[PDB]
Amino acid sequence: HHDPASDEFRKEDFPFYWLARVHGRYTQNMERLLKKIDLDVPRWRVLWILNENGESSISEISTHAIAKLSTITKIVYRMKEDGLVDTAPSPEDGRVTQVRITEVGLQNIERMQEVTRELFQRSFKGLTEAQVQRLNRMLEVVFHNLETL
């Protein structure tokens, strides 16, 4: 039922169908919420990456934000204009740009934590903490499977 090469294929039994539907609805709702505090999904991701990893290159940010280097560069310098991040040439390689979050960026993290609280309360309604962890593990397994292609 979940095999596109089968005659029994049904999108409603196809994990990637519901994955894409979830990605789209989640993205739309997050864009709506973050707009209220002058943010968006790419800047939400960049801020979380900087908050977890400290100083980060454009390349590392791009990997974890799922965006092109050009997109991340534009977003990063926009955030720097707004005061949310600062940048500096990497000492190892002047070609490589290092980005770090500012105290204003951290305040923006607090704002995005508050404004999305209800969405994340609702998102996993009906699922236990073990079920959520199992969802997470299975998604990571699929990701690693796709990295072998």
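For every residue, the number given is its place in the sequence shown, counted from 1.
K.L.:
Report the stretch with the higher mean CA temperature factor, choosing between 105 to 113 and 80 to 88 on the basis of the entry.
P.N.:
Higher of the two, by average CA B-factor, is 80 to 88.
K.L.:
Please compare 41 to 49 with 117 to 125 and name the stretch with the higher mean C-alpha B-factor in the deposited structure.
P.N.:
117 to 125 has the higher mean C-alpha B-factor.
K.L.:
Compare the C-alpha B factor of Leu146 with those of the other modelled residues in its chain, then answer lowest, middle or highest third.
P.N.:
Highest third.
K.L.:
Thinking about Cα B factors across the chain, which third does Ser59 belong to?
P.N.:
CA B-factor rank for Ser59: middle third.
K.L.:
Could you place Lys36 in the lowest, middle or highest third of its chain by Cα temperature factor, using the values in the record?
P.N.:
Middle third of the chain for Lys36's C-alpha B-factor.
K.L.:
Which third of the chain holds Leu19 when residues are ordered by C-alpha B factor: lowest, middle or highest?
P.N.:
For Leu19, whose C-alpha B-factor we compare with every modelled residue in the chain, the answer is the lowest third.
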